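Per-entry structural report
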Amino acid sequence: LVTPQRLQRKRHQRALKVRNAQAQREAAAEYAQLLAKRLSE
Amino acid sequence: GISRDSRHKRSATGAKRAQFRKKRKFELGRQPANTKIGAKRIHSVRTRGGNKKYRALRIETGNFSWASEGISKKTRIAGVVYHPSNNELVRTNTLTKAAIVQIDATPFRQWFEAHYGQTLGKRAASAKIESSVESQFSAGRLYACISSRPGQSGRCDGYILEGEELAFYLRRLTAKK
Amino acid sequence: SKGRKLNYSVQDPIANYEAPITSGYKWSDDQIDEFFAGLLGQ
Amino acid sequence: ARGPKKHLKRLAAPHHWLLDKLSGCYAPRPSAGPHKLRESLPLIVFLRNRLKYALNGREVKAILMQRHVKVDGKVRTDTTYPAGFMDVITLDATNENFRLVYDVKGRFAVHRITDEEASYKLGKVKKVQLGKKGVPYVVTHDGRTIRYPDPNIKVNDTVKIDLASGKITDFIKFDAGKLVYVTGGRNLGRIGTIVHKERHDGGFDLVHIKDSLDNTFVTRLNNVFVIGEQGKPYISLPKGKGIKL
Amino acid sequence: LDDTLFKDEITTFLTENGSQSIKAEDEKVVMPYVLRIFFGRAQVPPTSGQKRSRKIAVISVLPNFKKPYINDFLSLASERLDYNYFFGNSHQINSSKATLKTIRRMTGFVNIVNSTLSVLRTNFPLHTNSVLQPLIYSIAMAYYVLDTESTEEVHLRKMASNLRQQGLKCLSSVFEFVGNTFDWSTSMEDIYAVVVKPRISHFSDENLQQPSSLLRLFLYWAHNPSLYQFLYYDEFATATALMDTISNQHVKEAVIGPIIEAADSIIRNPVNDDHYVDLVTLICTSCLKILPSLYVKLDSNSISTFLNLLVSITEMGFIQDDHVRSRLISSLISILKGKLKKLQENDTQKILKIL
Amino acid sequence: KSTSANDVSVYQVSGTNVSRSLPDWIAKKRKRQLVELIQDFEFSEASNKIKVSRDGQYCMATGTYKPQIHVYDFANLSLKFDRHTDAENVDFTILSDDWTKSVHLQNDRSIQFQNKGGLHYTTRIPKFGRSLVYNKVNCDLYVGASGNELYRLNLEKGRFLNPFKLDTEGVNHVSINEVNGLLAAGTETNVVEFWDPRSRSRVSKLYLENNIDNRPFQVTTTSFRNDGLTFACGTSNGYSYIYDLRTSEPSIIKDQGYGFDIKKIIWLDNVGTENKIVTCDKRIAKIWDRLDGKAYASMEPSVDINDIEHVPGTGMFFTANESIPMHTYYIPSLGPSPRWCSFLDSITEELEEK
Amino acid sequence: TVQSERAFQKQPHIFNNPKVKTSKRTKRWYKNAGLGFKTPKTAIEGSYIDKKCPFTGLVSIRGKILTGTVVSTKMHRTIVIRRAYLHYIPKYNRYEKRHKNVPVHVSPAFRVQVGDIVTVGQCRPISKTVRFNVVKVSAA
RNA sequence: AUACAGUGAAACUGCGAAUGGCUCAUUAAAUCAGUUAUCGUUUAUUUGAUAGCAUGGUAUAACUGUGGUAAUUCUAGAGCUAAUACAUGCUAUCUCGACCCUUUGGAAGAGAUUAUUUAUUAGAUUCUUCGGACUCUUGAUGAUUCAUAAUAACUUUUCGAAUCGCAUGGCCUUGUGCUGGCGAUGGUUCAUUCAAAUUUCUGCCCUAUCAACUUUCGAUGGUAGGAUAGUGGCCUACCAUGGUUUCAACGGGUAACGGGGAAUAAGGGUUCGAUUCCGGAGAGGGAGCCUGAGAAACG
């Protein structure tokens, strides 16, 4: 039976997906910035 | 069962060993999967670890690649013409790694005609294919070599024999027949 | 070689495997010998 | 044996656990976990034989089920967790942090620690590699692998990591003339200065070490854990400081 | 209709010159329903690796048999589609239908036609009721939803932009794949109207950073001798758009290089018709615009071929007066200020021929 | 459970219920996710060769995946047992009347011995095995190998006396006649030889012959008839000659089939006449009468057959093939069902009232 | 002779495209074994194909490095080398004269004869009796 | 509490049952003791990283009732119903950014957007505003056809949460609209752990009333192929004849399991080594199969 708890769990799963995507994106961007400044120096 | 160890052999100083223990499972030996030409029939085996190893006992379709032009296409199989294991296995059509096979040519014919517009047989500087394989194109059946292991993956992927290896194996063919 | 040699070696169990057997000839061979003679050679 | 073994006799335990011989007949098998087995210290023998905070395995299990004993910021709940070298054990109601570190006698030992030294941790960078999407990573000794490190980190380094999040705080290279800790060998537990580093071809890279009472001995790079710079050890040592008499 | 045997059952029976191949009259009677089931097996989405492997199976299915099966398939595709609005009018649409379903039908059409194009590079035919009509219908409705609606339906505007870009690149592909098999003069005026609406207006400010499919198409226009009819149909609209792209200095050297390749081609190609002389004088204005370039803007292959363009200008001499000769000595002092270590002695000798 | 021809009524009691191009493994998975007479009458990979025991109660067959033997008993109507060997066995015969002793030419260039109590020791053959036949008046397993040798093994000596000589590169089919105890060997070089025991000499050598397209034959059937006098040779163009005992003229001259090679010729003793089975890799088996030499019936299983046997009583044709079920056929037109499937006559009534 | 057998003797995965008309038409791959040893010219530029060659084949050297003297060369690409040393024997307060014969694969690049002193390295097991592969010969 | 929520038999499902325990018949480098490799491989769990339809289907156990039968942990007929059962199936970001602007930037546009099997590439060894500018030639070992990255194909072939517990909030177009906490199991790859597998150098009881052996059925290697996790005469197809040696090989005797120990004569070192630790092998007979990460189990 489809429950508001189930809809909560589904949007929680989508939220966790976009959250870990954002975390990987920020990690890659900051490593790129670090390598760029190390190479220029 | 088929054992894979070596203590059933003689020693290196002219001596025979004794039986060390019963055959443990971690040295298994199984039946060779001598694949024949037919409709594709592959069996699944659950081997050590969670490994899914497939043994093709009959195969009808193989992937083959041009190394000179650098393409790859799926195609049928006309059948084996030479295998340096045993000529009786060549006769009884045992599809095995490092064997020579005849393959159909009309998919590569379609590819060259579609990409070029020039029908093979009968961008020309990029269309200059070898004369032997062009004669095989006009015949409709080309030569190839198969080296995909049959009983480890159940696949037949190989490369179409180009000039050097094609010439050596064509000399082998003409010396055979 | 490995197993490609024919040498007339004696085997233990197969000598007493199933031999001997019957003389189940449908004839007495006295006509079959001259039948061999009067085969497709003649 | 047919498969893996899953018990551990009393006499067959490592000697430096100081387990008595006449309590029972078995000894706890450390779990599958971050650190090793033969050179580790489980939570059970920690909270019972090392700190005298509990009497039985059932009371240790009741403690860990009440979830007090955090490890490396995270909460354990299992009894045979295999704590090793340079570990953080965080008691929140007894108001303590513990660096599990070595001593000079070889015995693992406690060090009472506050949060400003519990929040970091030194790890021997051991194996640097590459992986999926061409990204780099680095493998420490405690099973901690860090993707996207600083490219100035090489093999046999020392990295200080955050504990809460997990980012690298900083790093220390392997230079002759630093403060190192010897993990293995006969003379494990001493600190001094490394004078030089000879190399072998496919062999053990032996290192000479002079200790601060000015004496020389020999160790191995497999055992060397770099701790820090001259006069500035990055962690609080236990008393004795690598001077053995 | 079955799934797990699909590509292999295809390579067994439906291959001609094979086992159990369909005879000619049997092909004639059963091929429409084969077209419909393969319309389904192309309408399949490639959301997974196995699904795109079956899509590569169907893209290998199509170009083997003959022309009229695929031609009737594209006519049925256009029948699911339509061009009779835009071609019952001149360039107007009476009932505007900017629905996501409609544009999705257009995008699926673009997908199937670019697939059959890519797999049947040369031997594909151009049935006139299946390419020009629906492609210009697609990009015209793309421009219609670009200008009519606001930026609220971001799904619709985004998919319209992707549809437009795919329309440009597939038109470029079919042009560069057929070359000059036939005259496009049946709807050449209409496709050139679709060309002259956005591109000459805003070609330089937008498409300047990386080489575009439109620029490659106009390069093919200048390269092949029969595709000058747009240039001779308007008052050099695409030519002045090219000149505006050259005059803008933020355009990249990788964009401007092939422009000068097309410039060398159109200077080298002679035609004894109207407007060709005014065209090559506008390419002399392009020489005036390349006069500051090649060393502050613009690459060994590039500097070599642009020097060859100067050598070709010298050999044919389509420009003669003292104005262009002073511009020639200005370009000469520029290119002799330019380097020589990365060049060849024959190219230096061509420099000497210019001198 | 159907009928192929129109004038004659034929019966495939067990076989693939789907005809062609819809493969059997997907068909069986699909129909198990959506009436047989003997329990577990299938192999689910393939099958090589059948020989019914002389008692008419054991059916021994060889299949491929983990190459093994299915021993069925008609009393139990199921597997008597199953047994795995190493390689895919090619040729086999049960030496005794019961299954207690079996020999088999094994594809790994060897001969193996299946038994009641177990598996007696494998023995290697010096050349690749082509065809092994058991002489049963002088106890001999003799095997034509690959090429010019026909090795010989006696069951009292255990050694090898002498390999017989056949001066061709192939030994395509070997048989023995016991009504007149002669050896027969047919080779695809259009050559057939007949050999004589107790004197160790070749006596006959013949059968050069060409087809319509002027190609060399490939004689895959060298059999004879129940009288032990007239013989039958059969080759790749659907080509069947039936010769007499000592003439160069074949009694029956027939061409049929296709370029696909026929595999087995067998005789049948009817009530008044003699009949013939040809079985070909045109997935076809035709049922002729020998006096006319006429194809009175024909069965098409829609999928190929590698071997056939007829029950010694009447009615039943076992067929070993590459499919999932090893399949067998009932013929009412020569006789009834045998003593153990005695309700198949009523199932025949059922299909006729269907 | 480079094609002495029914299989095309070549190293795996190396491809020389016939599309380019390069002068050096045969591409050969080797590797620096290192370990304080040199890659000889006859190995790096010879016209032989091997898998058990330490320099051109697909077998690395690792582990123990031994020394021996060549005794008999009557097997293809393999030589038995003789280790001579002294024995630990307790009874009579001296050594014992002992010897060990070690079968070692050899690459055809090196030129060998009976009595040469050779240094060898351990390699992954190739056959029933061979375990080592030579890395440097020295005449005597 | 009018969907259950507390309590819980039975049954489905998941996990484990290869740990532990017991005896010494065997075997003289067979295991073993020490040492090394895995650049020759496999590993459930752990730990840590690691993935851009308001929810579809059946088919049953458990359970009710009719039974046959002499009967075991005997079954059949008929009637229900669940899953983490089984089978299925869906959902906008980065690069150059003209242009306007200087702060802090966007803004049209041109482009890209998981697992197999094969084939191809890369990863190579001078001037000074003496205040200031450059105005030139990946990691890894001792090494790897390495990790990795890319293209084109390829596959009877894939996971890319249709789950579960507690509480119940934040916003506001007050819709039950859209978000959001803590945590239980699942899923790919890699690392870690625990292991398993083969291996390099040395070390065995007595014996010439035992000098000659393998050379067939491989005994020595090479070419090539199948077999599992992987090299491998492991075995198979062709070729040669290879190796042990009084430096005693080979077999022949041990009522010899091995390693550590204990007793023993004030001493050379001698008798148990059965004990309580680490290894090794094994529980109607034989053959073939079974599940599992892990057996040739003792089921």
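Residues numbered from 1 in each chain as written, not as in the entry; some residues may be left out. Chains lettered and ligands numbered in written order. Part of a larger assembly, values for the part shown. Heavy atoms only, no water.

Looking at the entry header, you'll see cryo-EM listed as the method and 3.8 Å as the resolution.

Topic: the overall build of chain B
If you tally the helices and strands in chain B, you get five helices and eleven strands. Against the globule reference of 16 Å for 177 residues, chain B gives a C-alpha radius of gyration of 21 Å, more extended than a compact globule. Its C-alpha atoms give chain B principal-axis dimensions of roughly 70 × 40 × 25 Å. A burial count over chain B gives 43% of its 177 residues as buried. When the accessible surface of chain B is summed, it comes to about 9600 Å², and 49% of that surface belongs to carbon and sulfur atoms. Across chain B, 37 positive and 13 negative side-chain charges occur, with their mean positions spaced 15 Å apart. (Helix = DSSP H or I, 4+ residues; strand = E, 2+ residues; numbered from the N terminus. Rg over C-alpha atoms; globule rule 2.2 N^0.38 Å. Buried < 20%, exposed > 50% of the residue type's maximum accessible area, 1.4 Å probe, protein only. Areas by Shrake-Rupley, 256 points an atom, 1.4 Å probe, with all protein chains shown as cover. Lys, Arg positive; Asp, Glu negative; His and termini not counted. Charge placed at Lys NZ, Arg CZ, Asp CG, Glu CD.)

Considerations on the pattern of salt bridges
In this structure the tally under the stated criterion is 28 salt bridges over all chains. Between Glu96 of chain D and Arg112 of chain D there is a salt bridge; the shortest N-O distance is 3.5 Å. Residue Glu96 of chain D is located in strand β6 (residues 96-102), and its partner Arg112 of chain D is located in strand β8 (residues 112-113); the two are separated by 16 residues in the primary sequence. For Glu96 of chain D, a relative accessible area of 17% puts it in the buried group. Note that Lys165 of chain F is salt-bridged to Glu149 of chain F, the shortest N-O span being 2.6 Å. Of this pair, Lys165 of chain F sits in strand β13 (residues 164-165) while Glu149 of chain F sits in strand β12 (residues 149-154), placing them 16 residues apart in sequence. Overall, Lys165 of chain F belongs to the partly exposed group, its relative accessible area being 35%. A residue is classified by how much of its surface remains accessible, and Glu149 of chain F, at 19% relative accessible area, is buried. What emerges from the salt-bridge pattern is a single network uniting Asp29 and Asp33 of chain C together with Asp196 and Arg198 of chain F. (Salt bridge = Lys/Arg side-chain N within 4 Å of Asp/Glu carboxyl O.)

A word on the arrangement of the chains
A comparison of contact numbers over the seven pairs of chains in contact places chains C and F at the top. The two partners chain A and chain B share no contact, and the minimum distance between any of their C-alpha atoms is 29 Å. (Contact = heavy atoms within 4.5 Å.)

What to know about the environment of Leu328 of chain E
Its place among the elements puts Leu328 of chain E in helix α15 (residues 322-337). Linking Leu328 of chain E and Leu355 of chain E, residues 27 residues apart in sequence, is a C-alpha distance of 9.7 Å.

Points about the protein's contact with RNA strand H
Close to RNA strand H lie 180 residues; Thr47 of chain B, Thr4 of chain E, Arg109 of chain F together with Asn32 and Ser127 of chain G are nearest. Within 4 Å of the protein, atoms of RNA strand H come from sugar and phosphate in 75% of cases. Between RNA strand H and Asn86 of chain B there is a distance of 2.5 Å, counted from a sugar or linking oxygen to a side-chain nitrogen or oxygen. One of the backbone nitrogen or oxygen atoms of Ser1 of chain C is found 2.8 Å away from a phosphate oxygen of RNA strand H. (Near = heavy atom within 4 Å. Polar contact = N/O pair within 3.5 Å; in protein donor to acceptor, adjacent residues only side chain to side chain.)

A word on the domain arrangement of chain B
When the domains of chain B are assigned, the result is domain 1 (1-30), domain 2 (31-105 + 141-177) and domain 3 (106-140). For domain 1 of chain B versus domain 3 of chain B, the separation of C-alpha centres amounts to 55 Å. (Domains from an automatic or database assignment.)

Digging into the interface of chain C and chain F
Taken residue by residue, the interface counts 30 residues in chain C and 39 residues in chain F. With both sides pooled, the region where chain C packs onto chain F buries about 3300 Å², and carbon together with sulfur makes up 62% of that total. Taking the shortest distance from any N to any O, the salt bridge between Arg198 of chain F and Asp29 of chain C comes out at 2.5 Å. Here chain C and chain F share seven residue pairs in polar contact between them. (Buried area = accessible area lost by both parts, 1.4 Å probe.)

Some thoughts on the sheet that holds strand β28 (residues 327-330) of chain F
Note: strands within a sheet are paired through backbone hydrogen bonds, in either parallel or antiparallel orientation. All names here are of chain F. Ordered by their spatial adjacency, four strands build an open sheet running β1-β28-β27-β26, and the pairing between neighbours is antiparallel. In this open sheet, the two strands that pair with only one neighbour each are β1 (11-14) and β26 (307-310). Neighbour-to-neighbour, the strand axes of this sheet turn through a mean angle of 25 degrees, independent of strand direction. With four bridges joining them, β26 and strand β27 (residues 316-320) adopt antiparallel strand pairing. Its bridge partner lying in β27, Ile308 is registered against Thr319. Those strands touched by helix α2 (residues 344-353) are β1, β27 and β28, and its axis lies near 120 degrees from that of β1. (Pairing = 2+ DSSP bridges. Axes fitted to C-alpha atoms, helices over the stretch in contact; angles between N-to-C directions.)

What to know about unusual backbone geometry
Residue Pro20 of chain C follows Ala19 of chain C across a cis peptide bond; omega there is 0 degrees. The residue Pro20 of chain C is located in the segment before α1 (32-37) in this model. In the Ramachandran plot, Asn93 of chain B falls in the positive-phi region, its phi being about 65 degrees despite a non-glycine side chain. Of note, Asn93 of chain B is situated in the loop between α1 (87-91) and β9 (99-104).

Observations concerning the nonpolar core
Core analysis: the largest hydrophobic core is formed by 68 residues, its most contacted members being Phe38, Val61, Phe218, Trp221 and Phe230 of chain E. Of the residues forming this core, the biggest block, eleven residues, is contributed by helix α6 (residues 132-148) of chain E. If we skip the residues at most four places from it in the chain, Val61 of chain E touches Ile10 and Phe38 of chain E. If you look at the next biggest cluster of nonpolar residues, it comprises 48 residues, including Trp17, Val69, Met86 and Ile209 of chain D. (Core = buried A, V, L, I, M, F, W, Y, C linked by side-chain atoms within 4.5 Å.)

Observations regarding the environment of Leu279 of chain E
Residues and elements named next belong to chain E. Considering the arrangement of structural elements, one finds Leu279 in helix α13 (residues 276-290). On the basis of relative accessibility, which here comes to 3%, the residue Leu279 falls in the buried class. C-alpha separation for the pair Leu279 and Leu1, spaced 278 residues apart in sequence, amounts to 58 Å.

Some remarks on the packing of aromatic side chains
The final tally for this structure, using the stated rule, is 50 aromatic pairs over all chains. Both rings, one in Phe113 of chain F and one in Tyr121 of chain F, keep their centres 6.3 Å apart while their planes meet at 85 degrees; by these two values the pair is edge-to-face. Residue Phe113 of chain F is classed as buried on the basis of its relative accessible area, which comes to 4%. The structure contains a cluster of three or more aromatic residues connected by ring pairs, namely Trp66, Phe108, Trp111, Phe112, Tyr116 and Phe137 of chain B. The residue whose ring lies beneath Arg147 of chain D is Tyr148 of chain D, and the NZ or CZ to ring-centre distance is 5.2 Å. Sitting above the plane of the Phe204 of chain D ring, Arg220 of chain D keeps its charged end 5.6 Å from the centroid. (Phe/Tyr/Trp six-rings, centres within 6.5 Å; stacked < 30°, edge-to-face > 60°. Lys NZ or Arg CZ within 6 Å of the ring centre and 35° of its normal.)

Focus: the interface of chain B and chain F
Opposite the 16 residues of chain B that make contact, chain F presents 19 residues. Counting each side, the surface lost to burial between chain B and chain F is near 1500 Å², with a carbon and sulfur contribution of 53%. In terms of surface lost to chain F, no three residues of chain B exceed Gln31, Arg41 and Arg91 of chain B, which account for 42% of the buried area on that side. The interface formed by chain B and chain F holds one salt bridge in total. Ionic pairing is found between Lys36 of chain B and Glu88 of chain F, a salt bridge with its closest N-O pair at 3.5 Å. Scanning the region where chain B abuts chain F turns up four residue pairs in polar contact. Broken down by secondary-structure element, the contributors of at least two residues to the side of chain B that touches chain F are β4 (41-47), β5 (51-59) and α1 of chain B. Of all the elements, β4 of chain B adds the most residues to the side of chain B that touches chain F, at four residues.

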